[PDB]
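Following: one structure in structure tokens, then a few remarks.
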Amino acid sequence: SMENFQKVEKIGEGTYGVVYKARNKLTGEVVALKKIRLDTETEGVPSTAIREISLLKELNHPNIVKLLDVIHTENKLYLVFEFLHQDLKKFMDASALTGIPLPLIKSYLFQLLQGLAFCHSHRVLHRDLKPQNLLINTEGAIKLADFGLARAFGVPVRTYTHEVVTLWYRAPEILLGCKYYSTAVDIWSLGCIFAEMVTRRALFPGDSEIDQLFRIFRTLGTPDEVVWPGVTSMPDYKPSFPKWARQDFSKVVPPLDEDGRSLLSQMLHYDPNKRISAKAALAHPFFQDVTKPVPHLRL
Amino acid sequence: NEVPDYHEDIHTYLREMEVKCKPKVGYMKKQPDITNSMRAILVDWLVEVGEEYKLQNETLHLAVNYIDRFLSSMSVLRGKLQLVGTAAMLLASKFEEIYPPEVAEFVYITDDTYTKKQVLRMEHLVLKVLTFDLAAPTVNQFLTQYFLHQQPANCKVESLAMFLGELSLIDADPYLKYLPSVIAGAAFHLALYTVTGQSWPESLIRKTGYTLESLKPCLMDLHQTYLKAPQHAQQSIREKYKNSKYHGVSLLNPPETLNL
Ligand SMILES: Nc1nc(OCC2CCCCC2)c2[nH]c(-c3cccc(S(N)(=O)=O)c3)nc2n1
């Protein structure tokens, strides 16, 4: 079954399966394999595989990683994806000294938002946007990856799984333990990633639930029923929260002009209904000049 | 409540998809050992199973779809019908539920007719047959979307529309003939007019493109089913909708009339 593929090296994990770098011996195609075991605890085919596979078939788009094949072995299950140069994390890490060229950010964000609006229009929530799950090629494009946490939603949304996202990119409503979350959550994440590409450091490096929330409040101000109608009668909301005042954005995102910080602001509204959509964001004046730069490596 | 940006695209997409994940209509006729009757039995049993574990209706709506699809391309003996049933449901639960019941649980609820390995292997076979195409539209997805056009959203109608759709799932013929959006179309209006007398909204005609004329063949089939509810050999679905959770909706009298 795999007699066609030559493993070159392991590339990483995410702890769900392992990820190898393979080459097809016949075509010479280079692929990313994701190996998955099923004889784990006689618990059948894992949920995190079933959903990923079935939704990634539904999703075909230039900014969403290509799933090429799925190979059925009795004890293993290999997913074959297209292979890319690196993830945004290790590229930011590399580009850490110079910092990311100004319009290359604009490009990446634009593409990323194209991808997310595709997901949302096919009733899919990603739920684990973070630089580790976003892959770049050499051609200057960027794709969403690792739909291990994704799920198909209903309209209107029902109560879905609480323990989601990654903490640094987790949205308020979930930290605060809300009964219903929506498309809004992915946007929040993409928001924090935008800020991180710009400032060179994560936006909310929180260490726990409470620490993450306060890090948010200390930047954006603690919210009230004006800023967020519903906040005060939410499940884990506590009237004894400290009262932090909101701060200046050119202070937060110094390199951004008026437009970028306008945009960013809307991607981070406490209120989900108020929080800008992926769709609506695509039409934002900040994208006026959007062009497609190519990054330097020397890998 | 929500930012409703994509309602249009999403509704569009499910309409496009519901065509593709649609089971074959006269499939039972091809099947050497199973009957529409057997299938009703199966669906009814699936329904108690859903209650016992407090499972979403969505979960069983998918489950049913998975079966019709599987049995559309795979000849199966009555002896093994229940097992296709259980795996289908386990997959559904896996896909939809926050806390799906353990594999163990599923084997339990089968009279201990089948082993665990049997169930787990079946799980795998079903995925192979459906080629992992599990993200399917159902009647529930349409209803829940449709329900948004209701002011003020009225509990009883909602619980009755949900009830009706479910009834359709017990009956292969005539309901395999209709797309979920139409089953939903029918049930919603039929509920609306049993409870408030009011009409399939102009709003939904604009979204769906369906007129009452265009829904009529379905509705005729659906009315008689509601009518003869207490004579059908499948009862669990009725009993389910007697509770304080669903406002005892099965106990209402179906309307005399539709103006034919
Ligand atoms: N298709 C695909 N997926 C990937 O990530 C899958 C994992 C994403 C993170 C969560 C687990 C699944 C890839 N990673 C790299 C890749 C290529 C070159 C270098 C690197 S890295 N991380 O800089 O060593 C990654 N190419 C990749 N190609």
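Top line first, the protein sequences correspond to chains C and D. Quick note on the entry's author numbering: the first sequence kicks off at 0 and runs consecutively. Quick note on the entry's author numbering: the second sequence kicks off at 173 and runs consecutively. Yeah, the Cβ is synthetic: ideal placement off N, Cα and C, and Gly gets one too.
Do residue i and residue j have their CB atoms nearer than 9 Å?
i	j	result
residue 320(D)	residue 179(D)	yes
residue 193(C)	residue 104(C)	yes
residue 19(C)	residue 6(C)	yes
residue 395(D)	residue 328(D)	no
residue 43(C)	residue 295(D)	yes
residue 339(D)	residue 398(D)	yes
residue 170(D)	residue 355(D)	Outside the shown range of chain D (173 to 432) lies residue 170(D), about which nothing can therefore be said.
residue 351(D)	residue 248(D)	no
residue 269(C)	residue 234(C)	no
residue 154(C)	residue 317(D)	yes
residue 151(C)	residue 276(D)	no
residue 290(C)	residue 106(C)	yes
residue 309(D)	residue 189(D)	yes
residue 91(C)	residue 199(C)	yes
Got a sec, what are the start and stop residues for the alpha helix (DSSP H) residue i sits in?
i	result
residue 22(C)	Per DSSP, residue 22(C) belongs to no alpha helix (DSSP H); it is in the beta strand (DSSP E), 17-23.
residue 11(C)	Not the alpha helix (DSSP H): residue 11(C) falls in the beta strand (DSSP E), residues 4-11.
residue 326(D)	No alpha helix (DSSP H) contains residue 326(D), which DSSP labels as neither H nor E.
residue 177(C)	Premise fails: residue 177(C) is in no alpha helix (DSSP H) and is neither H nor E.
residue 237(D)	229-245
residue 259(C)	257-266
residue 227(C)	Per DSSP, residue 227(C) belongs to no alpha helix (DSSP H) and is neither H nor E.
residue 280(D)	275-280
residue 245(C)	Careful: residue 245(C) lies outside any alpha helix (DSSP H) and carries neither H nor E.
residue 190(C)	183-198
residue 0(C)	Note, residue 0(C): premise wrong, no alpha helix (DSSP H); not H, not E.
residue 290(D)	288-301
residue 183(D)	179-192
residue 49(C)	46-57
residue 406(D)	Premise fails: residue 406(D) is in no alpha helix (DSSP H) and is neither H nor E.
residue 278(C)	277-281
With a threshold of 8 Å (Cβ to nearest heavy atom), would residue i be considered close to ligand 3?
i	result
residue 82(C)	You won't find ligand 3 in this model; what it holds is ligand 1.
With residue i as the anchor, note down where its beta strand (DSSP E) starts and where it stops.
i	result
residue 28(C)	Neither: residue 28(C) is in no beta strand (DSSP E) and is coded neither H nor E.
residue 77(C)	75-81
residue 70(C)	66-71
residue 213(C)	Residue 213(C) -> not in any beta strand (DSSP E); alpha helix (DSSP H) instead, spanning 208-219.
residue 417(D)	Residue 417(D) -> no beta strand (DSSP E), and no H or E assigned at all.
* At least three beta-carbon pairs within less than 8 Å, the segment 224-238 of chain C to the segment 180-192 of chain C -> no
* **Touch test, the segment 279-287 of chain C against the segment 194-209 of chain D, Cβ-Cβ under 8 Å, three pairs minimum** => no
* To do: Would you list, in sequence order, the uninterrupted alpha helix (DSSP H) runs of no fewer than 4 residues that lie entirely inside the segment 88-168 of chain C?
  => 101-120
* Are the segment 115-127 of chain C and the segment 271-279 of chain C touching by the rule of at least three beta carbon pairs closer than 8 Å? -> yes
* Specify whether the segment 25-41 of chain C and the segment 68-83 of chain C touch according to this definition: at least 3 beta carbon pairs, one from each stretch, less than 8 Å apart. => yes
* To do: Could you tell me whether the segment 286-303 of chain D touches the segment 326-343 of chain D, using the rule of 3 or more Cβ pairs below 8 Å?
  => no
* To do: Decide if the segment 159-168 of chain C is in contact with the segment 122-130 of chain C; the criterion is three or more beta carbon pairs, one per stretch, under 8 Å apart.
  => yes
* Asked: At which residue ranges does the segment 319-400 of chain D contain complete beta strand (DSSP E) runs of 3 or more residues, listed in the order of the chain?
  -> none
* Asked: Taking only runs of the alpha helix (DSSP H) that begin and end inside the segment 198-227 of chain D, which ones reach a length of at least 4 residues, in chain order?
  -> 199-202 and 208-224
* Asked: Can at least three beta-carbon pairs, one atom from the segment 263-271 of chain D and one from the segment 219-233 of chain D, be found at a separation below 8 Å?
  -> yes
* Asked: Just checking, does the segment 239-259 of chain D make contact with the segment 211-221 of chain D on the three C-beta pairs under 8 Å criterion?
  -> yes
* Sufficient close CB pairs (3 or more, under 8 Å) joining the segment 359-378 of chain D to the segment 404-415 of chain D -> no
* Asked: Is the segment 137-145 of chain C touching the segment 91-102 of chain C, taking contact as three or more C-beta pairs under 8 Å?
  -> no
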